[PDB]
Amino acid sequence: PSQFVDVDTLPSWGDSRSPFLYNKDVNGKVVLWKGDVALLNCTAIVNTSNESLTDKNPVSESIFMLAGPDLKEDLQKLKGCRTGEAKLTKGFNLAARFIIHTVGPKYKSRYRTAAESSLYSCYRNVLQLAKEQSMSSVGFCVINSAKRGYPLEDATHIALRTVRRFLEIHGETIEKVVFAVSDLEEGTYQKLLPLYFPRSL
């Protein structure tokens, strides 16, 4: 039997007071899934890391384990990744063709505008890469790691708003965006999805 999670089997948000208008087409591309992003057969899955690409966190731990050691050669070639930027590697043993590696900000209240700008750039640059590579699906992890301390609800507004706006303009080439969540984040995503992706008219 297969060792991965098929994005085709996952129910879409379009199956289940905001400024955003109902948009059936965009809603059909969004998926909320509680599970380990590393299992997904999306074109690319997203790894969240530090500037040296050596961060130990639950997302990276699964991804590195499932990709295997051939990843380390690809990874050194990159020579880090700056806060807010995204970088492509092959997926090696992962079900996904690519990994997009990115680095969220270490959140500090005194740098709140900078943290917002950096997190926004993470999501924007992942999506930029996906468009550039003509990818049909992207599996997002929660880019804000618990250890970097971004307030979860604020972070989730940025994630959903950015994907909404990108899908409105550049959606046609993309079939699915999956927000892979753990129990920690699911409720907040469930809470906010209706605001960025209203279901009724």
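Residue indices: 1-based, along the sequence shown.
Unmodelled residues of the deposited sequence between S16 and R17: 10 or more. Between the stretches 146-154 and 171-179, it is 171-179 that shows the larger average CA temperature factor.
Mean CA B-factor, 118-126 versus 75-83: the higher value falls on 75-83. Taking the deposited Cα B-factors for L40, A159, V26, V59, the highest one is held by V26.
When all modelled residues of the chain are sorted by CA temperature factor, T54 is found within the highest third. When the modelled residues of the chain are ordered by their C-alpha B factor, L66 lands in the middle third.
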